[PDB]
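**Student:** Just so it is clear, I am handing over my_file_37.cif, which has mmCIF, C-alpha atoms.
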```
data_entry
loop_
_atom_site.label_atom_id
_atom_site.label_comp_id
_atom_site.auth_asym_id
_atom_site.auth_seq_id
_atom_site.Cartn_x
_atom_site.Cartn_y
_atom_site.Cartn_z
CA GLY A 1 161.16 190.95 138.76
CA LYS A 2 162.61 188.26 136.51
CA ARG A 3 160.36 185.56 137.97
CA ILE A 4 157.43 187.93 137.39
CA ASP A 5 158.42 188.21 133.72
CA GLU A 6 158.64 184.42 133.44
CA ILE A 7 155.14 184.09 134.92
CA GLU A 8 153.85 186.80 132.56
CA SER A 9 155.25 184.97 129.53
CA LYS A 10 153.73 181.66 130.64
CA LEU A 11 150.37 183.39 131.15
CA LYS A 12 150.58 184.97 127.68
CA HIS A 13 151.17 181.56 126.12
CA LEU A 14 148.33 180.07 128.18
CA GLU A 15 146.07 182.87 126.92
CA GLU A 16 146.74 182.17 123.24
CA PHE A 17 146.44 178.44 123.97
CA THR A 18 142.99 178.95 125.51
CA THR A 19 141.99 181.09 122.51
CA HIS A 20 142.79 178.34 120.01
CA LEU A 21 141.19 175.86 122.42
CA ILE A 22 137.90 177.77 122.48
CA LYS A 23 137.89 177.86 118.68
CA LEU A 24 138.50 174.10 118.61
CA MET A 25 135.69 173.55 121.12
CA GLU A 26 133.17 175.50 119.04
CA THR A 27 134.30 173.53 115.98
CA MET A 28 133.84 170.17 117.72
CA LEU A 29 130.41 171.19 119.01
CA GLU A 30 129.35 172.14 115.48
CA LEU A 31 130.68 168.79 114.24
CA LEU A 32 128.58 166.97 116.85
CA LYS A 33 125.56 169.02 115.76
CA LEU A 34 126.12 167.97 112.15
CA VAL A 35 126.34 164.35 113.33
CA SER A 36 123.01 164.87 115.10
CA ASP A 37 121.30 166.28 112.01
CA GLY A 38 122.54 163.25 110.03
CA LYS A 39 125.18 164.85 107.77
CA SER A 40 127.99 162.69 109.12
CA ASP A 41 129.53 162.59 105.61
CA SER A 42 129.26 165.98 103.91
CA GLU A 43 131.46 168.86 102.77
CA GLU A 44 130.57 170.80 105.93
CA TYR A 45 131.92 167.95 108.07
CA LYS A 46 135.16 167.81 106.07
CA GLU A 47 135.72 171.57 106.32
CA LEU A 48 134.97 171.56 110.05
CA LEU A 49 137.31 168.59 110.51
CA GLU A 50 140.21 170.36 108.78
CA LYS A 51 139.47 173.52 110.77
CA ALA A 52 139.48 171.54 114.03
CA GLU A 53 142.80 169.96 113.05
CA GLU A 54 144.42 173.33 112.34
CA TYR A 55 143.03 174.71 115.62
CA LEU A 56 144.49 171.71 117.46
CA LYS A 57 147.89 172.26 115.84
CA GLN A 58 147.79 175.96 116.77
CA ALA A 59 146.84 175.17 120.37
CA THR A 60 149.58 172.52 120.51
CA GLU A 61 152.18 175.09 119.46
CA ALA A 62 150.79 177.59 121.97
CA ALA A 63 150.98 175.04 124.79
CA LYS A 64 154.50 174.09 123.67
CA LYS A 65 155.54 177.74 124.02
CA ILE A 66 154.76 177.52 127.75
CA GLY A 67 157.54 174.93 128.07
CA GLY B 1 150.54 199.00 141.65
CA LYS B 2 149.15 195.45 141.75
CA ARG B 3 151.01 193.11 139.39
CA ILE B 4 150.93 189.82 141.30
CA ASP B 5 147.25 190.44 142.04
CA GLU B 6 146.52 190.60 138.31
CA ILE B 7 148.52 187.38 137.91
CA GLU B 8 146.39 185.74 140.61
CA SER B 9 143.20 186.92 138.90
CA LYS B 10 144.37 185.37 135.63
CA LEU B 11 145.14 182.10 137.41
CA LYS B 12 141.74 182.03 139.16
CA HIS B 13 139.90 182.62 135.88
CA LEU B 14 142.00 179.88 134.29
CA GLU B 15 140.99 177.52 137.12
CA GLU B 16 137.30 178.20 136.42
CA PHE B 17 138.04 177.78 132.71
CA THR B 18 139.57 174.35 133.29
CA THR B 19 136.62 173.29 135.45
CA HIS B 20 134.07 174.15 132.76
CA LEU B 21 136.43 172.60 130.19
CA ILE B 22 136.46 169.26 131.99
CA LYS B 23 132.67 169.29 132.26
CA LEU B 24 132.53 170.00 128.52
CA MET B 25 134.94 167.17 127.70
CA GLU B 26 132.90 164.70 129.76
CA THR B 27 129.80 165.81 127.86
CA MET B 28 131.58 165.39 124.51
CA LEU B 29 132.87 161.92 125.42
CA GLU B 30 129.37 160.76 126.39
CA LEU B 31 128.07 162.23 123.12
CA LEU B 32 130.61 160.20 121.14
CA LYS B 33 129.72 157.08 123.13
CA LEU B 34 126.08 157.62 122.13
CA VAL B 35 127.25 158.07 118.53
CA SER B 36 129.02 154.70 118.74
CA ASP B 37 125.77 153.18 120.03
CA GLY B 38 123.73 154.80 117.24
CA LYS B 39 121.81 157.23 119.48
CA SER B 40 122.91 160.21 117.36
CA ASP B 41 119.24 161.24 116.96
CA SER B 42 117.87 160.34 120.41
CA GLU B 43 116.67 162.71 123.13
CA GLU B 44 119.68 161.95 125.34
CA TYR B 45 121.80 163.30 122.49
CA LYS B 46 119.81 166.55 122.47
CA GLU B 47 120.12 166.98 126.24
CA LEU B 48 123.86 166.32 126.07
CA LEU B 49 124.20 168.84 123.24
CA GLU B 50 122.38 171.45 125.33
CA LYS B 51 124.62 170.75 128.33
CA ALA B 52 127.73 170.93 126.13
CA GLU B 53 126.59 174.31 124.77
CA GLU B 54 126.10 175.51 128.36
CA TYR B 55 129.59 174.36 129.37
CA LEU B 56 131.03 175.99 126.24
CA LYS B 57 129.37 179.31 127.11
CA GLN B 58 130.66 179.16 130.70
CA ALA B 59 134.18 178.34 129.51
CA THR B 60 133.99 181.16 126.96
CA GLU B 61 133.02 183.78 129.53
CA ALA B 62 135.56 182.46 132.06
CA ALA B 63 138.31 182.80 129.45
CA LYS B 64 137.02 186.22 128.35
CA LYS B 65 137.38 187.47 131.93
CA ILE B 66 141.17 187.10 131.57
CA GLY B 67 141.71 190.26 129.51
CA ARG C 1 153.35 183.76 146.84
CA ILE C 2 155.54 183.41 143.74
CA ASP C 3 156.23 179.75 144.53
CA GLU C 4 152.48 179.11 144.71
CA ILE C 5 151.97 180.77 141.32
CA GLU C 6 154.80 178.69 139.85
CA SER C 7 153.26 175.47 141.19
CA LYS C 8 149.93 176.54 139.68
CA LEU C 9 151.64 177.09 136.33
CA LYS C 10 153.28 173.65 136.50
CA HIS C 11 149.92 172.00 137.15
CA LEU C 12 148.42 174.01 134.28
CA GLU C 13 151.21 172.77 132.00
CA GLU C 14 150.45 169.15 132.92
CA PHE C 15 146.79 169.95 132.24
CA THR C 16 147.67 171.32 128.79
CA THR C 17 149.65 168.17 127.96
CA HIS C 18 146.83 165.80 128.92
CA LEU C 19 144.41 168.15 127.15
CA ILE C 20 146.37 167.99 123.89
CA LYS C 21 146.33 164.20 124.11
CA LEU C 22 142.56 164.20 124.68
CA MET C 23 141.98 166.64 121.82
CA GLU C 24 143.97 164.51 119.38
CA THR C 25 141.99 161.45 120.48
CA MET C 26 138.67 163.26 120.08
CA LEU C 27 139.56 164.58 116.62
CA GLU C 28 140.60 161.09 115.53
CA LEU C 29 137.27 159.82 116.86
CA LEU C 30 135.45 162.50 114.85
CA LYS C 31 137.41 161.39 111.78
CA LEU C 32 136.27 157.82 112.44
CA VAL C 33 132.74 159.25 112.65
CA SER C 34 133.28 160.38 109.07
CA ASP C 35 133.61 157.67 106.40
CA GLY C 36 131.21 155.55 108.49
CA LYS C 37 133.37 153.89 111.15
CA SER C 38 131.23 154.68 114.20
CA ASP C 39 131.13 150.98 115.16
CA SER C 40 134.74 149.90 114.52
CA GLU C 41 137.11 148.64 117.20
CA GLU C 42 139.32 151.67 116.58
CA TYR C 43 136.42 153.78 117.86
CA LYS C 44 136.26 151.63 121.00
CA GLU C 45 139.97 151.80 121.83
CA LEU C 46 139.90 155.53 121.07
CA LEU C 47 137.04 155.94 123.56
CA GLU C 48 139.16 154.07 126.12
CA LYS C 49 142.18 156.31 125.48
CA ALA C 50 139.91 159.37 125.69
CA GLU C 51 138.58 158.26 129.08
CA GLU C 52 142.18 157.80 130.25
CA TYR C 53 143.21 161.27 129.04
CA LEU C 54 140.09 162.75 130.66
CA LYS C 55 140.83 161.24 134.07
CA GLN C 56 144.44 162.42 133.75
CA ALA C 57 143.24 165.95 133.00
CA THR C 58 140.95 165.83 136.05
CA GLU C 59 143.81 164.72 138.30
CA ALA C 60 145.99 167.49 136.87
CA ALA C 61 143.28 170.13 137.41
CA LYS C 62 142.70 169.05 141.02
CA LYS C 63 146.31 170.04 141.79
CA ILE C 64 145.60 173.67 140.85
#
```
If you took the structure in this file and wrote it as structure tokens, what would it be?
**Tutor:**
Amino acid sequence: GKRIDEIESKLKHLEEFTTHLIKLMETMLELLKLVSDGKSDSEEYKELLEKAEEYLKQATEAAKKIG
Amino acid sequence: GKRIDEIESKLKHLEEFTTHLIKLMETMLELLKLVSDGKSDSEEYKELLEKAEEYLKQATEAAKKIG
Amino acid sequence: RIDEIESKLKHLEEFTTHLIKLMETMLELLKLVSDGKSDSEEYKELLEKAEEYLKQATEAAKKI
């Protein structure tokens, strides 16, 4: 089943994409929480921002692998 | 065995994942609108944060039920 | 059966594209939140682009 293998590969790439996406979503929720507490400009916000950017790049590569 | 059935289960769980994801993204966009208005400490912000956490949990479990 | 799964995967790919666009917009908005630019016009146009990407993602997810 060659078509089955193609579908399996696309689903694998979607799985890793959703993994990085969930990490990015937790990161953005924590960033919004820090905004709520008032620490809009703090080292925690910078670290979370860089982590969200790397998660977005990883998810972008994973979604590029699907096509 | 049941290969295409497993594929269909993955796709169904991904559909639920995308549904909760879109709810979460709407919540996040309203949160950032409130940030632009300066309601980062209001009660509406807290309710939206709670709803976003709920959507994040639902998306997390829906993506966990994919393997 | 297989054609249906392939159509589902195509719609999911469109969803992932619109989703990447929305995520980039949201991260740029969070950057604007830092350094104290929560009121700039860049924030406003980024909110507009985020609404557009969100509606595109909804249309793409309805096709699944």
**Student:** One decimal, in Å: what's the spacing between CA of residue 53 in chain B and CA of residue 66 in chain A?
**Tutor:**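 Computing the Euclidean distance for CA of residue 53 in chain B and CA of residue 66 in chain A yields 28.5 Å.
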**Student:** For chain B, work out the contacting residues on chain A at 7 Å, counting only C-alpha atoms, and write them as a PyMOL selection string.
**Tutor:** chain A and resi 22+35-36
**Student:** Between CA of residue 56 in chain C and CA of residue 38 in chain B, what is the distance, to one decimal in Å?
**Tutor:**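 These two atoms are separated by 27.6 Å.
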**Student:** Would you kindly return, as a PyMOL selection string, each protein, DNA or RNA residue with an atom no farther than 7 Å from any atom of range 26-31 of chain C, considering only C-alpha atoms and excluding same-chain residues fewer than 6 positions away?
**Tutor:** chain C and resi 43+46+50
**Student:** Take the residues from that selection and put them in a file with C-alpha atoms, as an mmCIF file, keeping the file's coordinate frame.
**Tutor:**
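The resulting result-v8.cif:
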```
data_model
loop_
_atom_site.group_PDB
_atom_site.id
_atom_site.type_symbol
_atom_site.label_atom_id
_atom_site.label_comp_id
_atom_site.auth_asym_id
_atom_site.auth_seq_id
_atom_site.Cartn_x
_atom_site.Cartn_y
_atom_site.Cartn_z
ATOM 1 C CA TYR C 43 136.420 153.780 117.860
ATOM 2 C CA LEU C 46 139.900 155.530 121.070
ATOM 3 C CA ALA C 50 139.910 159.370 125.690
#
```
**Student:** Ranking C:4, C:24, C:41, C:51 by minimum distance to chain A and counting all atoms listed in the file, which one comes first?
**Tutor:**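 Checking each of C:4, C:24, C:41, C:51 against chain A, counting all atoms listed in the file, the winner is C:24.
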**Student:** Evaluating the PyMOL selection byres ((chain C) within 9 of (chain B)) on the displayed file yields which residues, as a ChimeraX atom specification?
**Tutor:** /C:1-2,5,8-9,12,15,22,26,29-30,33,37-40,43-44,47,50-51,54,57-58,61,64
**Student:** May I have the centre and edge lengths, in Å to one decimal, of an axis-aligned box around the listed atoms of range 62-66 of chain B with 3 Å added to every side, as JSON?
**Tutor:**
```
{"center_x": 138.4, "center_y": 185.0, "center_z": 130.2, "size_x": 11.6, "size_y": 11.0, "size_z": 9.7}
```
**Student:** Please reconstruct the missing atoms of range 6-22 of chain A (target: N, CA, C and O atoms) and return them as a tab-separated table (two decimals), in the frame of the given file.
**Tutor:**
```tsv
chain	number	residue	atom	x	y	z
A	6	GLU	N	158.85	185.81	133.83
A	6	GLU	CA	158.64	184.42	133.44
A	6	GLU	C	157.16	184.04	133.57
A	6	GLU	O	156.58	183.43	132.66
A	7	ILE	N	156.55	184.39	134.70
A	7	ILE	CA	155.14	184.09	134.92
A	7	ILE	C	154.28	184.80	133.88
A	7	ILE	O	153.30	184.23	133.37
A	8	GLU	N	154.62	186.05	133.55
A	8	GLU	CA	153.85	186.80	132.56
A	8	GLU	C	153.93	186.13	131.19
A	8	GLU	O	152.92	186.05	130.48
A	9	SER	N	155.11	185.65	130.81
A	9	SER	CA	155.25	184.97	129.53
A	9	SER	C	154.45	183.67	129.50
A	9	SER	O	153.77	183.37	128.50
A	10	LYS	N	154.52	182.88	130.58
A	10	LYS	CA	153.73	181.66	130.64
A	10	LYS	C	152.24	181.96	130.55
A	10	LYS	O	151.49	181.23	129.90
A	11	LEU	N	151.79	183.04	131.19
A	11	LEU	CA	150.37	183.39	131.15
A	11	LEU	C	149.95	183.86	129.76
A	11	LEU	O	148.84	183.58	129.31
A	12	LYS	N	150.83	184.59	129.07
A	12	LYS	CA	150.58	184.97	127.68
A	12	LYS	C	150.38	183.74	126.80
A	12	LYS	O	149.43	183.67	126.00
A	13	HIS	N	151.28	182.77	126.93
A	13	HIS	CA	151.17	181.56	126.12
A	13	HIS	C	149.92	180.76	126.49
A	13	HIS	O	149.25	180.22	125.61
A	14	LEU	N	149.58	180.71	127.78
A	14	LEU	CA	148.33	180.07	128.18
A	14	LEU	C	147.12	180.79	127.59
A	14	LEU	O	146.13	180.15	127.22
A	15	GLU	N	147.19	182.11	127.47
A	15	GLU	CA	146.07	182.87	126.92
A	15	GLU	C	145.85	182.52	125.45
A	15	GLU	O	144.72	182.24	125.03
A	16	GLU	N	146.92	182.53	124.65
A	16	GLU	CA	146.74	182.17	123.24
A	16	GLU	C	146.33	180.71	123.09
A	16	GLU	O	145.53	180.36	122.21
A	17	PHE	N	146.85	179.84	123.96
A	17	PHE	CA	146.44	178.44	123.97
A	17	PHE	C	144.94	178.31	124.21
A	17	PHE	O	144.24	177.59	123.48
A	18	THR	N	144.42	179.00	125.22
A	18	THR	CA	142.99	178.95	125.51
A	18	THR	C	142.17	179.55	124.37
A	18	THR	O	141.05	179.09	124.12
A	19	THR	N	142.70	180.55	123.67
A	19	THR	CA	141.99	181.09	122.51
A	19	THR	C	141.79	180.02	121.44
A	19	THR	O	140.66	179.73	121.01
A	20	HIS	N	142.90	179.41	120.99
A	20	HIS	CA	142.79	178.34	120.01
A	20	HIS	C	141.93	177.20	120.53
A	20	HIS	O	141.19	176.57	119.75
A	21	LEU	N	141.99	176.93	121.83
A	21	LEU	CA	141.19	175.86	122.42
A	21	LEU	C	139.70	176.16	122.33
A	21	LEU	O	138.90	175.26	122.05
A	22	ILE	N	139.31	177.40	122.58
A	22	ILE	CA	137.90	177.77	122.48
A	22	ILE	C	137.42	177.63	121.04
A	22	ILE	O	136.31	177.16	120.77
```
